[PDB]
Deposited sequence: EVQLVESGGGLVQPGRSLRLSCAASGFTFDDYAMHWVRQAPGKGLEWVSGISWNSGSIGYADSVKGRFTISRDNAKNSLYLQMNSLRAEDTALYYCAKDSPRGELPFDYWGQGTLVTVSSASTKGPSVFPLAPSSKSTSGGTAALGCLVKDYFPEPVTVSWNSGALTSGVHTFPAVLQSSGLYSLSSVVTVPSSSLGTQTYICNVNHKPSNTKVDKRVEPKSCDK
């Protein structure tokens, strides 16, 4: 019967603001401490902010103190999170969660989350390098932003033995990936191999010839 549903997440640029809401039903929202917990894609859980039943007690993570503001409206059964000065690092799924009465069971029920993506509108095209060679060869698609890039080989005529790897998000905020293909070693001096890299966001397409 208990239900927590959050909303307000979306795609925004750094510096901008977003307001998250959470609606609670099936229980007396007025009696419980409420929290926002966030989770970046592929990463762990991180407490964001908490607020007691009557708003008398409020806490923030140090990473968000001064930028985010939590509040609630007991009459409206709603928990809020006003998020100002958003940064790329704030990108996460944002969960609403409650404590049990007295806090004996912390985070004893959670919503399914609302997604917040913070991304610069600026774009950088990929530098494509050959990964030169019964034999494996490929392309390094280096230093681009944002996702996605798609890769084919020989204009898609070569699909057998192709493995394009999920990109790494580097500390620089830029992405890199590699696509490799397994080919006959005996066919290396004859066949020409070309990876077709497509980066729609920067309106760039690159065909790289891979030579031994």
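- Residues of the deposited sequence with no modelled C-alpha atom fall in the ranges 134 to 141, 221 to 225.
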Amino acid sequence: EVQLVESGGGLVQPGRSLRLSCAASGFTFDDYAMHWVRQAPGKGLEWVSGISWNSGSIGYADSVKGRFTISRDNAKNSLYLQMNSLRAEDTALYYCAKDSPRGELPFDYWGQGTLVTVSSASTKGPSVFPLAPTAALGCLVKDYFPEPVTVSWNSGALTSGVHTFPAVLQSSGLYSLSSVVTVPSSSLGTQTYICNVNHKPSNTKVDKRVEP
From here on, numbers count along this sequence of modelled residues.
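- Comparing the deposited coordinates for 40 to 48 and 175 to 183, the stretch with the larger average C-alpha B-factor is 175 to 183.
- The stretch 187 to 195 shows the higher mean C-alpha B-factor when 200 to 208 is compared against 187 to 195 in the entry.
- Per the PDB record, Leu169 has a higher Cα B-factor than any other of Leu169, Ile58, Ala33, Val64.
- Based on the entry's C-alpha B-factors, the most elevated value among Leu86, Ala75, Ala132, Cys96 belongs to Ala132.
- Sorting the modelled residues of the chain by their CA temperature factor places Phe68 in the lowest third.
- Placement of the Cα temperature factor of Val141 within the chain: middle third of the modelled residues, per the deposited record.
- Among all modelled residues in this chain, the alpha-carbon of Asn54 has a temperature factor (C-alpha) in the lowest third.
- Ranked by C-alpha B-factor against the other modelled residues of its chain, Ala121 falls in the highest third.
- When the CA B factors of the chain's modelled residues are split into thirds, the value for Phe27 lands in the middle one.
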